[PDB]
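**Q** Structure file final_29.cif (mmCIF, N, CA and C atoms and all ligand atoms) is given on the next line.
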```
data_start
#
loop_
_atom_site.label_atom_id
_atom_site.label_comp_id
_atom_site.auth_asym_id
_atom_site.auth_seq_id
_atom_site.Cartn_x
_atom_site.Cartn_y
_atom_site.Cartn_z
N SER P 1 -126.39 -202.60 78.21
CA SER P 1 -126.09 -201.16 78.24
C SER P 1 -126.95 -200.44 79.27
N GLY P 2 -126.50 -199.26 79.71
CA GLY P 2 -127.24 -198.46 80.68
C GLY P 2 -126.35 -197.54 81.50
N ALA P 3 -126.91 -196.45 82.04
CA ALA P 3 -126.14 -195.51 82.85
C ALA P 3 -127.01 -194.88 83.97
N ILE P 4 -126.38 -194.21 84.96
CA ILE P 4 -127.08 -193.46 85.98
C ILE P 4 -126.79 -191.98 85.68
N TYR P 5 -127.83 -191.14 85.71
CA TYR P 5 -127.64 -189.70 85.47
C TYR P 5 -128.01 -188.93 86.73
N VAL P 6 -127.01 -188.42 87.45
CA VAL P 6 -127.27 -187.69 88.70
C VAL P 6 -126.50 -186.38 88.70
N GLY P 7 -127.20 -185.24 88.88
CA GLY P 7 -126.57 -183.93 88.86
C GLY P 7 -125.87 -183.69 87.54
N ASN P 8 -124.58 -183.33 87.57
CA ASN P 8 -123.85 -183.19 86.31
C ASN P 8 -122.94 -184.39 86.07
N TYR P 9 -123.37 -185.59 86.49
CA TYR P 9 -122.58 -186.81 86.32
C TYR P 9 -123.33 -187.89 85.56
N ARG P 10 -122.58 -188.71 84.82
CA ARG P 10 -123.06 -189.90 84.13
C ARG P 10 -122.18 -191.07 84.66
N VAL P 11 -122.82 -192.08 85.26
CA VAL P 11 -122.12 -193.25 85.81
C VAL P 11 -122.34 -194.43 84.85
N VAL P 12 -121.27 -195.02 84.35
CA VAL P 12 -121.39 -196.16 83.43
C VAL P 12 -120.43 -197.29 83.85
N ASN P 13 -120.60 -198.50 83.27
CA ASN P 13 -119.62 -199.57 83.47
C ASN P 13 -118.35 -199.12 82.75
N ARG P 14 -117.20 -199.14 83.44
CA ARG P 14 -115.93 -198.71 82.86
C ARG P 14 -115.63 -199.39 81.51
N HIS P 15 -115.94 -200.70 81.39
CA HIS P 15 -115.66 -201.43 80.13
C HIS P 15 -116.57 -201.03 78.96
N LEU P 16 -117.65 -200.29 79.22
CA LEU P 16 -118.55 -199.78 78.18
C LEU P 16 -118.45 -198.24 77.97
N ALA P 17 -117.49 -197.58 78.66
CA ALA P 17 -117.31 -196.15 78.51
C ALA P 17 -116.97 -195.77 77.04
N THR P 18 -117.53 -194.67 76.57
CA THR P 18 -117.29 -194.20 75.19
C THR P 18 -116.07 -193.26 75.11
N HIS P 19 -115.67 -192.82 73.86
CA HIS P 19 -114.62 -191.82 73.69
C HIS P 19 -115.02 -190.53 74.42
N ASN P 20 -116.32 -190.15 74.35
CA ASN P 20 -116.85 -188.95 75.02
C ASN P 20 -116.75 -189.04 76.54
N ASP P 21 -117.05 -190.22 77.12
CA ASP P 21 -116.92 -190.42 78.58
C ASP P 21 -115.46 -190.17 79.02
N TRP P 22 -114.50 -190.75 78.28
CA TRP P 22 -113.09 -190.57 78.61
C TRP P 22 -112.61 -189.12 78.41
N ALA P 23 -113.20 -188.39 77.44
CA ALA P 23 -112.85 -186.98 77.20
C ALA P 23 -113.45 -186.02 78.26
N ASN P 24 -114.46 -186.48 79.01
CA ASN P 24 -115.09 -185.71 80.08
C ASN P 24 -114.95 -186.48 81.43
N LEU P 25 -113.83 -187.20 81.60
CA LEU P 25 -113.54 -188.04 82.78
C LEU P 25 -113.54 -187.28 84.11
N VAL P 26 -114.27 -187.81 85.10
CA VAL P 26 -114.28 -187.28 86.46
C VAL P 26 -113.49 -188.24 87.37
N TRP P 27 -113.80 -189.53 87.28
CA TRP P 27 -113.22 -190.59 88.12
C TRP P 27 -113.47 -191.95 87.47
N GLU P 28 -112.51 -192.84 87.59
CA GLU P 28 -112.67 -194.22 87.10
C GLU P 28 -111.93 -195.20 88.01
N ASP P 29 -112.41 -196.44 88.07
CA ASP P 29 -111.76 -197.46 88.90
C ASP P 29 -111.93 -198.82 88.24
N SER P 30 -110.85 -199.35 87.62
CA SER P 30 -110.89 -200.66 86.96
C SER P 30 -111.31 -201.75 87.94
N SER P 31 -110.79 -201.68 89.20
CA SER P 31 -111.11 -202.71 90.19
C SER P 31 -112.62 -202.77 90.52
N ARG P 32 -113.37 -201.71 90.26
CA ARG P 32 -114.83 -201.65 90.50
C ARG P 32 -115.66 -201.73 89.22
N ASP P 33 -115.01 -201.68 88.02
CA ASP P 33 -115.69 -201.62 86.72
C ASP P 33 -116.60 -200.38 86.65
N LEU P 34 -116.17 -199.24 87.24
CA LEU P 34 -116.96 -198.01 87.16
C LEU P 34 -116.19 -196.84 86.54
N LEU P 35 -116.93 -195.96 85.86
CA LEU P 35 -116.41 -194.72 85.29
C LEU P 35 -117.49 -193.68 85.40
N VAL P 36 -117.10 -192.48 85.79
CA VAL P 36 -118.00 -191.34 85.92
C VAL P 36 -117.47 -190.23 85.00
N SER P 37 -118.35 -189.67 84.20
CA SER P 37 -118.03 -188.56 83.30
C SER P 37 -118.96 -187.36 83.60
N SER P 38 -118.54 -186.15 83.21
CA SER P 38 -119.34 -184.95 83.44
C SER P 38 -120.35 -184.72 82.31
N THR P 39 -121.47 -184.09 82.62
CA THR P 39 -122.52 -183.82 81.63
C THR P 39 -122.88 -182.34 81.62
N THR P 40 -123.45 -181.86 80.52
CA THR P 40 -123.88 -180.47 80.43
C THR P 40 -125.30 -180.33 81.01
N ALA P 41 -126.17 -181.33 80.78
CA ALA P 41 -127.54 -181.27 81.30
C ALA P 41 -127.65 -181.90 82.69
N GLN P 42 -128.64 -181.46 83.46
CA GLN P 42 -128.87 -181.96 84.81
C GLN P 42 -129.56 -183.32 84.79
N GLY P 43 -129.05 -184.26 85.58
CA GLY P 43 -129.61 -185.59 85.72
C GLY P 43 -130.51 -185.64 86.94
N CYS P 44 -131.58 -186.44 86.89
CA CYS P 44 -132.53 -186.48 88.00
C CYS P 44 -132.67 -187.86 88.68
N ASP P 45 -131.67 -188.75 88.55
CA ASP P 45 -131.70 -190.03 89.28
C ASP P 45 -131.29 -189.71 90.73
N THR P 46 -131.91 -190.35 91.70
CA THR P 46 -131.58 -190.18 93.11
C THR P 46 -130.71 -191.36 93.54
N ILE P 47 -129.62 -191.13 94.29
CA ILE P 47 -128.77 -192.23 94.76
C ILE P 47 -129.18 -192.63 96.18
N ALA P 48 -129.34 -193.93 96.42
CA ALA P 48 -129.65 -194.44 97.74
C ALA P 48 -128.41 -194.30 98.66
N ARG P 49 -128.64 -193.95 99.92
CA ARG P 49 -127.62 -193.85 100.98
C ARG P 49 -128.17 -194.71 102.11
N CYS P 50 -127.99 -196.03 102.00
CA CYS P 50 -128.62 -196.99 102.90
C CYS P 50 -127.80 -198.30 102.94
N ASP P 51 -128.28 -199.28 103.72
CA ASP P 51 -127.66 -200.60 103.74
C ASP P 51 -128.67 -201.70 103.33
N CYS P 52 -129.62 -201.36 102.43
CA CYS P 52 -130.58 -202.32 101.90
C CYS P 52 -129.87 -203.51 101.26
N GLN P 53 -130.45 -204.69 101.40
CA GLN P 53 -129.99 -205.91 100.75
C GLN P 53 -131.09 -206.56 99.89
N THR P 54 -132.17 -205.82 99.60
CA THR P 54 -133.26 -206.25 98.73
C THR P 54 -133.55 -205.04 97.81
N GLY P 55 -133.90 -205.35 96.59
CA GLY P 55 -134.22 -204.34 95.60
C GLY P 55 -134.81 -204.96 94.36
N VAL P 56 -134.85 -204.17 93.29
CA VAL P 56 -135.41 -204.56 91.99
C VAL P 56 -134.42 -204.09 90.91
N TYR P 57 -134.07 -204.97 89.96
CA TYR P 57 -133.15 -204.58 88.88
C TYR P 57 -133.77 -204.75 87.50
N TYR P 58 -133.27 -203.98 86.52
CA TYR P 58 -133.78 -204.08 85.17
C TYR P 58 -132.91 -205.05 84.38
N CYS P 59 -133.55 -206.06 83.80
CA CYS P 59 -132.85 -207.08 83.02
C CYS P 59 -133.20 -206.86 81.52
N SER P 60 -132.28 -206.25 80.75
CA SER P 60 -132.55 -205.93 79.35
C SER P 60 -132.77 -207.15 78.44
N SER P 61 -132.12 -208.28 78.75
CA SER P 61 -132.29 -209.52 77.98
C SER P 61 -133.67 -210.19 78.18
N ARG P 62 -134.49 -209.65 79.09
CA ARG P 62 -135.87 -210.10 79.31
C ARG P 62 -136.88 -208.93 79.19
N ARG P 63 -136.40 -207.68 79.01
CA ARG P 63 -137.20 -206.43 79.00
C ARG P 63 -138.12 -206.41 80.24
N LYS P 64 -137.56 -206.80 81.38
CA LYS P 64 -138.35 -206.94 82.61
C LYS P 64 -137.54 -206.56 83.83
N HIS P 65 -138.25 -206.17 84.92
CA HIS P 65 -137.63 -205.91 86.21
C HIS P 65 -137.83 -207.15 87.11
N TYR P 66 -136.83 -207.48 87.92
CA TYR P 66 -136.92 -208.61 88.84
C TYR P 66 -136.53 -208.21 90.26
N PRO P 67 -137.27 -208.70 91.26
CA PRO P 67 -136.87 -208.45 92.66
C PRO P 67 -135.70 -209.40 93.05
N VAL P 68 -134.75 -208.90 93.84
CA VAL P 68 -133.60 -209.69 94.26
C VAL P 68 -133.20 -209.42 95.70
N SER P 69 -132.55 -210.42 96.34
CA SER P 69 -131.87 -210.30 97.63
C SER P 69 -130.39 -210.33 97.22
N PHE P 70 -129.61 -209.36 97.67
CA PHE P 70 -128.22 -209.29 97.24
C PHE P 70 -127.24 -209.19 98.42
N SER P 71 -126.01 -209.73 98.24
CA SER P 71 -124.98 -209.69 99.29
C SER P 71 -124.40 -208.27 99.42
N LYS P 72 -123.82 -207.94 100.58
CA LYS P 72 -123.18 -206.65 100.87
C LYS P 72 -121.99 -206.47 99.92
N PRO P 73 -121.64 -205.23 99.55
CA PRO P 73 -120.51 -205.03 98.63
C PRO P 73 -119.22 -205.69 99.12
N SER P 74 -118.56 -206.45 98.24
CA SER P 74 -117.35 -207.17 98.63
C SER P 74 -116.40 -207.44 97.44
N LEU P 75 -115.23 -208.05 97.72
CA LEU P 75 -114.19 -208.42 96.75
C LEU P 75 -114.54 -209.79 96.25
N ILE P 76 -114.85 -209.92 94.96
CA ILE P 76 -115.28 -211.20 94.37
C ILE P 76 -114.44 -211.54 93.15
N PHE P 77 -113.98 -212.79 93.03
CA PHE P 77 -113.18 -213.21 91.88
C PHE P 77 -114.04 -213.20 90.62
N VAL P 78 -113.54 -212.58 89.54
CA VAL P 78 -114.25 -212.50 88.27
C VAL P 78 -113.32 -213.05 87.20
N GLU P 79 -113.81 -214.05 86.46
CA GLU P 79 -113.08 -214.73 85.39
C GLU P 79 -112.65 -213.74 84.29
N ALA P 80 -111.53 -214.06 83.59
CA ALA P 80 -111.02 -213.23 82.50
C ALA P 80 -112.10 -213.04 81.41
N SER P 81 -112.14 -211.86 80.78
CA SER P 81 -113.04 -211.53 79.66
C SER P 81 -112.20 -210.76 78.61
N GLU P 82 -112.80 -210.27 77.50
CA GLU P 82 -112.00 -209.47 76.55
C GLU P 82 -111.64 -208.09 77.14
N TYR P 83 -112.34 -207.66 78.21
CA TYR P 83 -112.19 -206.37 78.84
C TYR P 83 -111.21 -206.34 79.99
N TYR P 84 -111.05 -207.46 80.69
CA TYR P 84 -110.18 -207.52 81.87
C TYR P 84 -109.51 -208.87 82.02
N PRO P 85 -108.30 -208.92 82.62
CA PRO P 85 -107.74 -210.24 82.97
C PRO P 85 -108.51 -210.77 84.20
N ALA P 86 -108.27 -212.05 84.58
CA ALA P 86 -108.90 -212.60 85.78
C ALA P 86 -108.43 -211.78 87.00
N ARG P 87 -109.36 -211.35 87.86
CA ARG P 87 -109.02 -210.45 88.95
C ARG P 87 -110.12 -210.43 90.04
N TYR P 88 -109.86 -209.74 91.17
CA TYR P 88 -110.91 -209.54 92.18
C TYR P 88 -111.56 -208.20 91.88
N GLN P 89 -112.86 -208.17 91.72
CA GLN P 89 -113.59 -206.91 91.52
C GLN P 89 -114.14 -206.50 92.89
N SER P 90 -113.84 -205.27 93.35
CA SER P 90 -114.31 -204.78 94.65
C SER P 90 -115.68 -204.10 94.58
N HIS P 91 -116.36 -203.93 95.74
CA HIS P 91 -117.66 -203.26 95.87
C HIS P 91 -118.74 -203.95 94.98
N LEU P 92 -118.61 -205.28 94.78
CA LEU P 92 -119.53 -206.06 93.97
C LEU P 92 -120.54 -206.79 94.88
N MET P 93 -121.81 -206.85 94.45
CA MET P 93 -122.88 -207.47 95.21
C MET P 93 -123.51 -208.53 94.34
N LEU P 94 -123.62 -209.78 94.83
CA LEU P 94 -124.21 -210.86 94.03
C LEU P 94 -125.64 -211.16 94.43
N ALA P 95 -126.43 -211.63 93.45
CA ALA P 95 -127.81 -212.05 93.63
C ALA P 95 -128.15 -213.22 92.68
N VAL P 96 -129.17 -213.99 93.03
CA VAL P 96 -129.69 -215.04 92.17
C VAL P 96 -130.70 -214.35 91.26
N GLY P 97 -130.47 -214.40 89.96
CA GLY P 97 -131.32 -213.77 88.97
C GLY P 97 -130.72 -213.89 87.58
N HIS P 98 -131.56 -213.81 86.55
CA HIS P 98 -131.10 -213.89 85.18
C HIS P 98 -130.25 -212.71 84.71
N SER P 99 -129.17 -213.03 84.01
CA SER P 99 -128.32 -212.04 83.37
C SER P 99 -127.47 -212.79 82.32
N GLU P 100 -127.19 -212.10 81.22
CA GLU P 100 -126.38 -212.61 80.13
C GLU P 100 -125.55 -211.45 79.57
N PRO P 101 -124.50 -211.73 78.76
CA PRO P 101 -123.73 -210.63 78.15
C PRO P 101 -124.67 -209.67 77.40
N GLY P 102 -124.51 -208.38 77.69
CA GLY P 102 -125.39 -207.33 77.16
C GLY P 102 -126.20 -206.66 78.27
N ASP P 103 -126.37 -207.34 79.44
CA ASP P 103 -127.17 -206.81 80.54
C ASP P 103 -126.45 -205.78 81.42
N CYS P 104 -125.14 -205.56 81.23
CA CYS P 104 -124.43 -204.59 82.09
C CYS P 104 -125.06 -203.18 81.98
N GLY P 105 -125.12 -202.45 83.09
CA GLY P 105 -125.68 -201.11 83.06
C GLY P 105 -127.13 -201.02 83.50
N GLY P 106 -127.82 -202.17 83.61
CA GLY P 106 -129.19 -202.20 84.14
C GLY P 106 -129.18 -201.71 85.58
N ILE P 107 -130.10 -200.82 85.93
CA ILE P 107 -130.12 -200.24 87.26
C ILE P 107 -130.73 -201.17 88.32
N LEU P 108 -130.11 -201.22 89.52
CA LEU P 108 -130.64 -201.87 90.73
C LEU P 108 -131.14 -200.75 91.63
N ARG P 109 -132.37 -200.86 92.14
CA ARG P 109 -132.93 -199.81 92.99
C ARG P 109 -133.59 -200.40 94.21
N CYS P 110 -133.58 -199.65 95.31
CA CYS P 110 -134.35 -200.03 96.50
C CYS P 110 -135.36 -198.85 96.72
N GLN P 111 -136.14 -198.88 97.79
CA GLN P 111 -137.07 -197.80 98.12
C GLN P 111 -136.36 -196.44 98.32
N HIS P 112 -135.03 -196.44 98.56
CA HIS P 112 -134.31 -195.17 98.80
C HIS P 112 -133.73 -194.52 97.52
N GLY P 113 -133.65 -195.29 96.44
CA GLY P 113 -133.11 -194.79 95.18
C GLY P 113 -132.19 -195.78 94.49
N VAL P 114 -131.31 -195.27 93.63
CA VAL P 114 -130.40 -196.11 92.87
C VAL P 114 -129.29 -196.69 93.75
N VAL P 115 -129.13 -198.03 93.72
CA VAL P 115 -128.13 -198.75 94.51
C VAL P 115 -126.84 -198.99 93.72
N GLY P 116 -127.00 -199.42 92.48
CA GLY P 116 -125.87 -199.76 91.62
C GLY P 116 -126.29 -200.18 90.23
N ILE P 117 -125.35 -200.71 89.44
CA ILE P 117 -125.66 -201.17 88.09
C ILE P 117 -125.13 -202.57 87.85
N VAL P 118 -125.80 -203.33 86.97
CA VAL P 118 -125.30 -204.66 86.59
C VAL P 118 -123.86 -204.60 86.03
N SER P 119 -122.98 -205.47 86.51
CA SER P 119 -121.59 -205.48 86.09
C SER P 119 -121.06 -206.87 85.76
N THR P 120 -121.59 -207.93 86.40
CA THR P 120 -121.15 -209.32 86.12
C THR P 120 -122.40 -210.24 86.08
N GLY P 121 -122.20 -211.50 85.71
CA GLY P 121 -123.26 -212.49 85.75
C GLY P 121 -122.77 -213.87 85.40
N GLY P 122 -123.72 -214.80 85.35
CA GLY P 122 -123.41 -216.16 84.93
C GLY P 122 -124.13 -217.22 85.71
N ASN P 123 -124.62 -218.25 85.01
CA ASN P 123 -125.30 -219.43 85.55
C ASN P 123 -126.40 -219.15 86.58
N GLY P 124 -127.30 -218.24 86.25
CA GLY P 124 -128.39 -217.91 87.17
C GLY P 124 -128.00 -216.90 88.23
N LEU P 125 -126.86 -216.23 88.06
CA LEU P 125 -126.44 -215.18 88.98
C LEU P 125 -126.34 -213.83 88.27
N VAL P 126 -126.43 -212.72 89.06
CA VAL P 126 -126.23 -211.37 88.57
C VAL P 126 -125.43 -210.57 89.61
N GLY P 127 -124.43 -209.84 89.15
CA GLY P 127 -123.58 -209.04 90.03
C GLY P 127 -123.74 -207.57 89.73
N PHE P 128 -123.80 -206.75 90.79
CA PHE P 128 -124.01 -205.31 90.67
C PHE P 128 -122.87 -204.52 91.32
N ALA P 129 -122.38 -203.52 90.59
CA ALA P 129 -121.37 -202.59 91.06
C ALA P 129 -122.09 -201.56 91.94
N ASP P 130 -121.80 -201.57 93.24
CA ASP P 130 -122.39 -200.60 94.18
C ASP P 130 -121.94 -199.17 93.91
N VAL P 131 -122.86 -198.19 94.07
CA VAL P 131 -122.51 -196.76 93.95
C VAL P 131 -122.91 -195.96 95.21
N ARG P 132 -123.48 -196.62 96.25
CA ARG P 132 -123.96 -195.92 97.45
C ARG P 132 -122.89 -195.23 98.28
N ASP P 133 -121.65 -195.71 98.22
CA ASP P 133 -120.55 -195.09 98.95
C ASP P 133 -119.99 -193.84 98.26
N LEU P 134 -120.36 -193.56 96.99
CA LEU P 134 -119.83 -192.40 96.27
C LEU P 134 -120.63 -191.15 96.66
N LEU P 135 -120.34 -190.62 97.85
CA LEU P 135 -121.11 -189.49 98.40
C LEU P 135 -121.03 -188.21 97.58
N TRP P 136 -119.91 -188.03 96.85
CA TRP P 136 -119.67 -186.84 96.03
C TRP P 136 -120.60 -186.75 94.80
N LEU P 137 -121.30 -187.85 94.42
CA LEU P 137 -122.21 -187.79 93.27
C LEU P 137 -123.33 -186.76 93.47
N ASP P 138 -123.71 -186.50 94.75
CA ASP P 138 -124.76 -185.58 95.17
C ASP P 138 -124.31 -184.16 95.43
N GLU P 139 -123.05 -183.82 95.12
CA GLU P 139 -122.55 -182.46 95.32
C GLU P 139 -121.82 -181.91 94.08
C1 LIG P 201 -124.12 -209.45 82.89
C2 LIG P 201 -122.81 -209.95 82.29
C3 LIG P 201 -122.65 -211.46 82.14
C4 LIG P 201 -123.74 -212.29 82.43
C5 LIG P 201 -123.67 -213.65 82.19
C6 LIG P 201 -122.53 -214.21 81.68
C7 LIG P 201 -121.43 -213.41 81.41
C8 LIG P 201 -121.47 -212.04 81.64
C9 LIG P 201 -120.26 -211.20 81.28
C10 LIG P 201 -119.47 -210.76 82.50
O1 LIG P 201 -119.80 -211.11 83.63
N1 LIG P 201 -118.40 -209.97 82.27
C11 LIG P 201 -117.98 -209.49 80.94
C12 LIG P 201 -117.88 -207.96 80.90
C13 LIG P 201 -117.00 -207.44 82.05
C14 LIG P 201 -117.51 -207.97 83.41
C15 LIG P 201 -116.66 -207.47 84.57
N2 LIG P 201 -117.27 -206.66 85.42
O2 LIG P 201 -115.50 -207.85 84.71
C16 LIG P 201 -117.55 -209.50 83.37
ZN ZN P 202 -132.28 -198.64 100.46
#
```
Could I get this structure in the form of C-alpha cells?
Ligand SMILES: CCc1ccccc1CC(=O)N1CCC[C@H](C(N)=O)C1
Ligand SMILES: [Zn+2]

**A**
Amino acid sequence: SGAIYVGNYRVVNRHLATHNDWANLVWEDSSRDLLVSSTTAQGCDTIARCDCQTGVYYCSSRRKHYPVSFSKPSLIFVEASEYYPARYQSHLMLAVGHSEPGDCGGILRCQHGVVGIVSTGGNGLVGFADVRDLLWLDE
C-alpha cells in the first residue's frame, strides 16, 4: 500500500483505488496501473521532472529503503493477476530489488523528488509506475 500526495491530488495504484478515490476521480489509466483522485487538504510531496535512472525506494515487506538502478519508462509484459488480464503495462521501469505482493505504492525517489510508485515485481525484481511525465500534477 501507499500513495503520493501533491497539491490537491492523491496518486495511487489503480488496482488499489478505494470507493472514495473513484468518487473523486481526476484521471485513471489501466495500461499504467495509475489513478489520481482529488483531495480537500494540500499535499506536500514534490514530483521529480528529470531523467534519473538511480534512486531509492521504500520496500514495505522489509520496512526498509533500498537504492536501485532502474530502466527508462517502457511497455513491459505483465502476467495475469486477479486485477488484470495478461497485458503490456506502459510507463513501467524495472530494477533488481526485493518486492512481494503487498509492496505496491512504495515511493521511488531521486535527488529531484518523487519518481514513481511500486506497481509490479517478482523473482528479485521490482517495477515502478513512472509519474514524472504527469506535468499537470503541479498545477
Ligand atoms: C510488488 C508486486 C509483486 C511482487 C512480487 C510478486 C508479485 C507481485 C504482484 C504483481 O506484480 N502484480 C499484482 C498486482 C497488479 C500488478 C500490475 N501492475 O499489473 C501485478
Ligand atoms: Zn532525478

**Q** Determine which residues of chain P receive a DSSP assignment of strand (DSSP E), computed from the backbone, and state them as a PyMOL selection string.

**A** chain P and resi 4-13+25-29+34-44+54-59+64-69+74-78+87-96+107-110+113-122+125-130

**Q** Against ligand ZN 202 (chain P), which residues of chain P fall within 7 Å? For each one I want the closest pair of atoms and the distance in Å (one decimal), counting only C-alpha atoms and all ligand atoms, rows by chain and increasing residue number, as CSV.

**A**
```
residue,atom,partner,partner_atom,distance
P:48,CA,P:ZN202,ZN,5.7
P:49,CA,P:ZN202,ZN,6.7
P:50,CA,P:ZN202,ZN,4.7
P:51,CA,P:ZN202,ZN,6.0
P:52,CA,P:ZN202,ZN,4.3
P:110,CA,P:ZN202,ZN,4.7
P:111,CA,P:ZN202,ZN,5.4
P:112,CA,P:ZN202,ZN,4.3
P:113,CA,P:ZN202,ZN,6.6
```

**Q** With only N, CA and C atoms counted, which protein, DNA or RNA residues have an atom no more than 8 Å from (-127.8, -213.2, 94.1) in the file frame? Please answer as a list in words.

**A**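 Protein and nucleic acid residues near the point are residues 68, 69, 70, 71, 93, 94, 95, 96, 97, 124, 125, 126 and 127 of chain P.
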
**Q** Have a look at P:39, P:85, P:64, P:11 and name the one nearest to residue 129 (chain P); count only C-alpha atoms.

**A**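 Selected residue with least distance to residue 129 (chain P): P:11.
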
**Q** Go through P:31, P:89, P:60, P:8 one by one, measure the shortest atom-to-atom distance of each to residue 102 (chain P) using only N, CA and C atoms, and give the residue with the smallest value.

**A**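 When distances to residue 102 (chain P) are compared using only N, CA and C atoms, the smallest one comes from P:60.
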
**Q** Calculate how many Å separate atom N of residue 90 (chain P) from atom C of residue 62 (chain P), rounding to one decimal.

**A**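 Going from atom N of residue 90 (chain P) over to atom C of residue 62 (chain P), I get 27.3 Å.
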
**Q** Please return as a PyMOL selection string the residues found within 5 Å of ligand LIG 201 (chain P), counting all atoms listed in the file.

**A** chain P and resi 99-101+103-104+119-122

**Q** Please fill the gaps in region 65-78 of chain P so it has N, CA, C and O atoms, and write that as a PDB file, in the coordinates of the input.

**A**
```pdb
ATOM      1  N   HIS P  65    -138.250-206.170  84.920  1.00  0.00           N
ATOM      2  CA  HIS P  65    -137.630-205.910  86.210  1.00  0.00           C
ATOM      3  C   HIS P  65    -137.830-207.150  87.110  1.00  0.00           C
ATOM      4  O   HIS P  65    -138.901-207.789  87.062  1.00  0.00           O
ATOM      5  N   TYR P  66    -136.830-207.480  87.920  1.00  0.00           N
ATOM      6  CA  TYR P  66    -136.920-208.610  88.840  1.00  0.00           C
ATOM      7  C   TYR P  66    -136.530-208.210  90.260  1.00  0.00           C
ATOM      8  O   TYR P  66    -135.539-207.497  90.470  1.00  0.00           O
ATOM      9  N   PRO P  67    -137.270-208.700  91.260  1.00  0.00           N
ATOM     10  CA  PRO P  67    -136.870-208.450  92.660  1.00  0.00           C
ATOM     11  C   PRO P  67    -135.700-209.400  93.050  1.00  0.00           C
ATOM     12  O   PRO P  67    -135.627-210.557  92.575  1.00  0.00           O
ATOM     13  N   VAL P  68    -134.750-208.900  93.840  1.00  0.00           N
ATOM     14  CA  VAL P  68    -133.600-209.690  94.260  1.00  0.00           C
ATOM     15  C   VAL P  68    -133.200-209.420  95.700  1.00  0.00           C
ATOM     16  O   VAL P  68    -133.435-208.327  96.200  1.00  0.00           O
ATOM     17  N   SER P  69    -132.550-210.420  96.340  1.00  0.00           N
ATOM     18  CA  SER P  69    -131.870-210.300  97.630  1.00  0.00           C
ATOM     19  C   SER P  69    -130.390-210.330  97.220  1.00  0.00           C
ATOM     20  O   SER P  69    -129.991-211.241  96.461  1.00  0.00           O
ATOM     21  N   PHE P  70    -129.610-209.360  97.670  1.00  0.00           N
ATOM     22  CA  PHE P  70    -128.220-209.290  97.240  1.00  0.00           C
ATOM     23  C   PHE P  70    -127.240-209.190  98.420  1.00  0.00           C
ATOM     24  O   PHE P  70    -127.608-208.684  99.471  1.00  0.00           O
ATOM     25  N   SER P  71    -126.010-209.730  98.240  1.00  0.00           N
ATOM     26  CA  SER P  71    -124.980-209.690  99.290  1.00  0.00           C
ATOM     27  C   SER P  71    -124.400-208.270  99.420  1.00  0.00           C
ATOM     28  O   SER P  71    -124.464-207.478  98.468  1.00  0.00           O
ATOM     29  N   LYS P  72    -123.820-207.940 100.580  1.00  0.00           N
ATOM     30  CA  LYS P  72    -123.180-206.650 100.870  1.00  0.00           C
ATOM     31  C   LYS P  72    -121.990-206.470  99.920  1.00  0.00           C
ATOM     32  O   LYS P  72    -121.365-207.461  99.513  1.00  0.00           O
ATOM     33  N   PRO P  73    -121.640-205.230  99.550  1.00  0.00           N
ATOM     34  CA  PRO P  73    -120.510-205.030  98.630  1.00  0.00           C
ATOM     35  C   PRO P  73    -119.220-205.690  99.120  1.00  0.00           C
ATOM     36  O   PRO P  73    -118.836-205.515 100.288  1.00  0.00           O
ATOM     37  N   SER P  74    -118.560-206.450  98.240  1.00  0.00           N
ATOM     38  CA  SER P  74    -117.350-207.170  98.630  1.00  0.00           C
ATOM     39  C   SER P  74    -116.400-207.440  97.440  1.00  0.00           C
ATOM     40  O   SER P  74    -116.720-207.066  96.308  1.00  0.00           O
ATOM     41  N   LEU P  75    -115.230-208.050  97.720  1.00  0.00           N
ATOM     42  CA  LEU P  75    -114.190-208.420  96.750  1.00  0.00           C
ATOM     43  C   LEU P  75    -114.540-209.790  96.250  1.00  0.00           C
ATOM     44  O   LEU P  75    -114.518-210.738  97.038  1.00  0.00           O
ATOM     45  N   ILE P  76    -114.850-209.920  94.960  1.00  0.00           N
ATOM     46  CA  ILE P  76    -115.280-211.200  94.370  1.00  0.00           C
ATOM     47  C   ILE P  76    -114.440-211.540  93.150  1.00  0.00           C
ATOM     48  O   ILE P  76    -114.173-210.644  92.328  1.00  0.00           O
ATOM     49  N   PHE P  77    -113.980-212.790  93.030  1.00  0.00           N
ATOM     50  CA  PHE P  77    -113.180-213.210  91.880  1.00  0.00           C
ATOM     51  C   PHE P  77    -114.040-213.200  90.620  1.00  0.00           C
ATOM     52  O   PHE P  77    -115.157-213.705  90.644  1.00  0.00           O
ATOM     53  N   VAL P  78    -113.540-212.580  89.540  1.00  0.00           N
ATOM     54  CA  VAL P  78    -114.250-212.500  88.270  1.00  0.00           C
ATOM     55  C   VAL P  78    -113.320-213.050  87.200  1.00  0.00           C
ATOM     56  O   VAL P  78    -112.205-212.554  87.023  1.00  0.00           O
TER      57      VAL P  78
END
```
